[PDB]
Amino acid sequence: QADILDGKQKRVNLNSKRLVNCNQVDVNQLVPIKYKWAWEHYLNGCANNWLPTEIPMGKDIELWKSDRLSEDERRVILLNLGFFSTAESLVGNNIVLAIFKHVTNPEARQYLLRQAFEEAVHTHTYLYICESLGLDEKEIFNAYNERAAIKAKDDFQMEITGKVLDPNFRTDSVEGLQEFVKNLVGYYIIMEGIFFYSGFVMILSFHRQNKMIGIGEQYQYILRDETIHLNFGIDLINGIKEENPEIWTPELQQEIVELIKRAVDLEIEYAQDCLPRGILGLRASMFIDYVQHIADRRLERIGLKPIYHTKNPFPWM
C-alpha cells in the first residue's frame, strides 16, 4: 500500500497522452501505452537485431582486390560508402538532439532509442567494410566534405536540423510545431526515405549479380531497418497532424512539397555522380524515374498528392 497516498493521483491517464507538448502527464512512465504502433515498431526493430561482422567479407575482399571490377563499379561502391558513412551520424544525432526532446511520449521514445542505436550499428557496418577492403576510412568518412554531390545533400539536410537545435526552440506554438514537423519530414521522409534509395538500388544491384555479396547482405539488413525507421516516421508525422490539425495548412503542405522536390533534384545529381556512364545494366536515366517514383510514394503516405507520376524501373525493390 502506497505510503505517499497522494501519489496515486499521479498514475497516467491514457487519454491525456499526446505525441508532442505533453507536459501534463508524467512522461517517465511507460504505461499505459497509448501509441501501440510505436511499441510495435520497437519490438520489430529489436527482433531485427544483427551484427555487421557476422557477415563474411572474404569474397568481397578477393573481388575488390582483383582486376575484375571496373573503375566505374568501384566508383559506385566508394561514393555510396562515402555518403552513408556520415549520413548515419547525422540521422542519429538528430534523433537524439532534436526529436527525442520534443516527442513527449515514452513509448515513442522507446522506439527512438532503438532507432538511434540501429544508426550506430549502420555506422559500424561502414567502418567494417572500409577496414575489410583496405580503404582509407579517413578519406571515405570525409566524403561529405570532399564530394560535391554528397556535400550538397548533407548541406541541404542542415537547412532543417538547424532551428530545432536552438537553445530557445519550442514546439508549443503553431510555428514551432510546424518547424518540428519539417525536421521530421527532412530526416524520415527525405534523408531516410529518399536519399538512401539510389544507393540501396545500386548496391543491391551488385548483390543480385553475385558481386560484393558481403556488402550487399549488410545493405539488405540496413534496408530492413530503414523501412521501419521510415514507417515509424510516417506514423509520427501523421499522429502529430491528427492531434494538432491547425498545423497542417496549405502553406506547410506546400513548403513540404517544395523540400521534397529539392531533395529529388539533389538525389538525381547524386545518382548521376555515382553513374557517369552506367554499370550492371543501370543508367542514371533510370534514377530520374525511380527517385521521382519513391518521392510520390512518400508524398502519398503523409497525405499529399503525387506530383511526378513516374513508373518504378526497379520493381524488385
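Don't overthink the numbering: it's just position in the shown sequence, from 1.
Averaged over their C-alpha atoms, the temperature factors of 300-308 and 19-27 are higher for 19-27. Two stretches are in play, 190-198 and 160-168, and the higher mean C-alpha B-factor belongs to 160-168. Within the listed group 280, 263, 61, 38, the record reports its top CA B-factor for 280. For the set 226, 118, 243, 136, the maximum C-alpha B-factor listed in the entry falls on 136. Among the modelled residues of the chain, residue 125 sits in the lowest third by CA temperature factor in this PDB entry.
The PDB entry assigns residue 235 a C-alpha temperature factor belonging to the lowest third of its chain's modelled residues.
Placement of the Cα temperature factor of residue 288 within the chain: highest third of the modelled residues, per the deposited record. Per-chain ranking of the deposited C-alpha B factor places residue 132 in the middle third. For residue 177, the recorded CA temperature factor ranks within the middle third of the chain's modelled residues.
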